[PDB]
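This report refers to the structure that appears directly beneath it.
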Amino acid sequence: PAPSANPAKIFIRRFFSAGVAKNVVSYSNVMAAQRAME
Amino acid sequence: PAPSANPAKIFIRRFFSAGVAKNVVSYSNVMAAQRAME
Amino acid sequence: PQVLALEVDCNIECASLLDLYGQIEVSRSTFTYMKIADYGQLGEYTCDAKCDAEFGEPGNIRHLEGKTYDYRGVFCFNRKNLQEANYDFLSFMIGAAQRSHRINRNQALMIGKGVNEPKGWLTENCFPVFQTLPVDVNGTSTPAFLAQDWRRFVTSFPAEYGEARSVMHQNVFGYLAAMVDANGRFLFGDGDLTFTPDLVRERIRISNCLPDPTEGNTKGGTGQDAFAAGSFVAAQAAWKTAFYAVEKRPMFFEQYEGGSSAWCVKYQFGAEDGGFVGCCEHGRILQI
Amino acid sequence: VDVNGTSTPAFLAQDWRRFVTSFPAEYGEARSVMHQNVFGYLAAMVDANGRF
Amino acid sequence: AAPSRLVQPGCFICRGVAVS
Amino acid sequence: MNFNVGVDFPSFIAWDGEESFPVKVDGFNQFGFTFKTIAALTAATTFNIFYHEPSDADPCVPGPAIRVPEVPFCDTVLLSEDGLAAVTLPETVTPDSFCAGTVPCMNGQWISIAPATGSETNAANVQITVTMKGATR
Amino acid sequence: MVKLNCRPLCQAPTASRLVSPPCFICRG
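Protein chains in written order, with the authors' numbering: chain AL, 16 to 53; chain AA, 16 to 53; chain k5, 177 to 464; chain n5, 311 to 362; chain f5, 10 to 29; chain m5, 1 to 137; chain a5, 1 to 28.
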């Protein structure tokens, strides 16, 4: 079944990187969502 | 049952501190709730 | 205009000389314990046909006690940039506080000076200190530290005291592993480009904020690089009975309403702890 | 042992390996007793060049 | 940082039999 | 049935009326004074409190005499105009009554008492001793 | 009948050299 080979490897080459644990949301967006609550 | 191990330990390490009896609402919020009654 | 999430900091702690010392926990800030000074001699080898006896000499039971010292500080903000910031000052500034406490506690517990700080075992100077001989070179009498000393020091520990570890700055270990015999062969790790045995088996815990006799790793010593005799190199002690570290309450953070003048939100933090040297006979110091 | 000028006495490792294996064999098993410092005076011995 | 030296221990052998 | 209370809170002379004495408090953790007069006083007497440091020449002989700062708690309003701790035996202290006091924060290894200027002829009729508490080592 | 139990106040350091076996030197 599972082929383990998706075509989403276009990024990890150079455009992204493995083993660094990037955050999931920009801090600008976090602050916008915070201030939309007030 | 009772895993006791929740991912909510992020906050006691530093963002909070054990055994201090912090209040649940800001004093500004209490005064805001007070004046909102008149 | 493309701010990243990269937060390069490049700051270092020490190792931790905390899991070695005997840990004890107290609720209130004043404890007390007993001590056996000496059992003393009771009864001699008396002669026969003597309807008598001798009272000997009784022992001694001292009664000691020690306090617990506190640790506090203050930090604040302006409440204007904290609402617009591209970061979180508190979660960083709070993180900055134990990093100051964790490193201050360890060093003071090591080198504390009397009043309002636990007396470290360095300044106590009741650990027996062993100084090494100097060597000759071209008539000069420079002081040195050979591998022959290190084996002599670690082995000279009294066996009946128990098993004892060793503590030393890694620059000393690099100095030991890089020693050379007459021909040019290495002493340890002959022909593998690196000598690195499992320290846990040689019972040598390593640290990085000990006096570090090889100043910045630049005083191996043949001419004007001599070790400057009178410097700490390593220590060895049965730590689970030679030194105790007491704990009362972990750090706390409490907003300080009052003093905050609607511009300067001022936080307050503190912690209580302490330490004291037990029987400082288990434990010796190597010196140059 | 002879040193530069005088005749200071000493105790070498060769002097110990010669003593232990110098016990009349037909006496049974025979062990030895020594102070810890004496044992800590044979481990830290150096040969001509640098070796333990 | 300024270039710092890396002085290592030399041929250290003796402490009591200094040659003639 | 009285005990050898000597060990376990010993005491030494700190001001015999004619000359002061430095007392080591390193071996112990808590201490206090016990004032006591021998004759009726003429005016309010004031003593200065001094703390020493281990001498560089020898680590268990006291060095120079530094003066201990003053620590207010909350109720303090006088502040003694100098920020330097000082005790003041009030007038009308009949010579069969003792008075107790101590500094809230020690510093160094020794403590010494000396009469402040102005009240150097009345301090000759008083006695000041120090008694410590449990020994750390 | 009083009995005394006295004790020092200031301790003294304890320094001691760590001489090791000398260079192997031949008996000839």
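Every residue gets a Cβ at the ideal spot worked out from N, C-alpha and C, and that includes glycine.
Expected contact under 8 angstroms - CB spacing of residue i and residue j to nearest Å
| i | j | result |
| --- | --- | --- |
| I464 (chain k5) | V409 (chain k5) | 6 angstroms |
| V126 (chain m5) | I38 (chain m5) | 7 angstroms |
| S342 (chain k5) | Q412 (chain k5) | 5 angstroms |
Neighbour flag for residue i against chain m5, beta carbons, 8 angstroms
| i | result |
| --- | --- |
| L18 (chain a5) | no |
| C10 (chain a5) | yes |
| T208 (chain k5) | yes |
Own chain residues within Cβ distance below 6 angstroms of residue i, not counting five before or after
| i | result |
| --- | --- |
| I200 (chain k5) | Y420, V422 |
| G242 (chain k5) | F452 |
| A323 (chain n5) | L352, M355 |
| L386 (chain k5) | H345 |
| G235 (chain k5) | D214, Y215, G216 |
| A124 (chain m5) | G17 |
| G219 (chain k5) | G232 |
Cβ neighbours of residue i in the same chain (closer than 8 angstroms, five flanking residues each side left out)
| i | result |
| --- | --- |
| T394 (chain k5) | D401 |
| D82 (chain m5) | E70 |
| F362 (chain n5) | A353, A354, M355, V356 |
| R425 (chain k5) | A447, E448 |
| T222 (chain k5) | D228, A229, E230 |
Chain n5 within 8 angstroms of residue i, Cβ atoms only
| i | result |
| --- | --- |
| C6 (chain a5) | no |
| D357 (chain k5) | yes |
| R327 (chain k5) | yes |
| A335 (chain k5) | yes |
| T316 (chain k5) | no |
Alpha-carbon to alpha-carbon, residue j and residue i
| i | j | result |
| --- | --- | --- |
| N5 (chain a5) | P10 (chain m5) | 12 angstroms |
| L84 (chain m5) | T121 (chain m5) | 22 angstroms |
| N4 (chain m5) | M210 (chain k5) | 17 angstroms |
| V311 (chain k5) | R14 (chain f5) | 23 angstroms |
| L240 (chain k5) | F428 (chain k5) | 30 angstroms |
| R328 (chain n5) | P334 (chain n5) | 13 angstroms |
| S407 (chain k5) | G360 (chain n5) | 25 angstroms |
| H458 (chain k5) | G367 (chain k5) | 37 angstroms |
| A51 (chain AL) | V45 (chain AL) | 10 angstroms |
| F35 (chain m5) | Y432 (chain k5) | 40 angstroms |
| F47 (chain m5) | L78 (chain m5) | 16 angstroms |
| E53 (chain m5) | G28 (chain a5) | 60 angstroms |
| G288 (chain k5) | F231 (chain k5) | 45 angstroms |
| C10 (chain a5) | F30 (chain AA) | 46 angstroms |
| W415 (chain k5) | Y197 (chain k5) | 5 angstroms |
| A261 (chain k5) | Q178 (chain k5) | 15 angstroms |
| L18 (chain a5) | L309 (chain k5) | 7 angstroms |
| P62 (chain m5) | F306 (chain k5) | 28 angstroms |
| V35 (chain AA) | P104 (chain m5) | 26 angstroms |
| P22 (chain m5) | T206 (chain k5) | 27 angstroms |
| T390 (chain k5) | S383 (chain k5) | 14 angstroms |
| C252 (chain k5) | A47 (chain AA) | 25 angstroms |
| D96 (chain m5) | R248 (chain k5) | 44 angstroms |
Top-ranked residue by Cα proximity to residue i, from the options
| i | options | result |
| --- | --- | --- |
| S20 (chain m5) | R137 (chain m5), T102 (chain m5), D96 (chain m5), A65 (chain m5) | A65 (chain m5) |
| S43 (chain AL) | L180 (chain k5), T331 (chain k5), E189 (chain k5), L194 (chain k5) | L180 (chain k5) |
| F26 (chain AA) | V305 (chain k5), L266 (chain k5), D224 (chain k5) | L266 (chain k5) |
| residue 465 (chain k5) | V250 (chain k5), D325 (chain k5), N254 (chain k5) | In the structure displayed, chain k5 extends from 177 to 464; residue 465 (chain k5) sits before or after that span and is not available. |
Residue i at chain k5 interface by Cβ criterion, 8 angstroms
| i | result |
| --- | --- |
| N4 (chain m5) | no |
| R29 (chain AA) | yes |
| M106 (chain m5) | yes |
| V39 (chain AA) | no |
| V35 (chain AA) | yes |
| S32 (chain AA) | yes |
| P18 (chain f5) | yes |
CB contact check: residue i to chain f5, cutoff 8 angstroms
| i | result |
| --- | --- |
| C23 (chain a5) | yes |
| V311 (chain k5) | yes |
| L322 (chain k5) | yes |
| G360 (chain n5) | yes |
Cutoff 8 angstroms: residue i Cβ touching any chain a5 Cβ
| i | result |
| --- | --- |
| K133 (chain m5) | no |
| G25 (chain f5) | yes |
Any chain AL beta carbon closer than 8 angstroms to residue i
| i | result |
| --- | --- |
| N262 (chain k5) | yes |
| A402 (chain k5) | no |
Below-8 angstroms beta-carbon distance, residue i vs any chain AA residue
| i | result |
| --- | --- |
| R278 (chain k5) | no |
| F428 (chain k5) | yes |
| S436 (chain k5) | no |
Proximal residues to residue i (C-beta, below 7 angstroms), its chain only, five neighbours per side dropped
| i | result |
| --- | --- |
| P18 (chain AA) | none |
| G365 (chain k5) | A353, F371 |
| residue 508 (chain k5) | Outside the displayed range of chain k5 (177 to 464) lies residue 508 (chain k5), so it cannot be described from this structure. |
| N292 (chain k5) | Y245 |
| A116 (chain m5) | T46, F47, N48, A86 |
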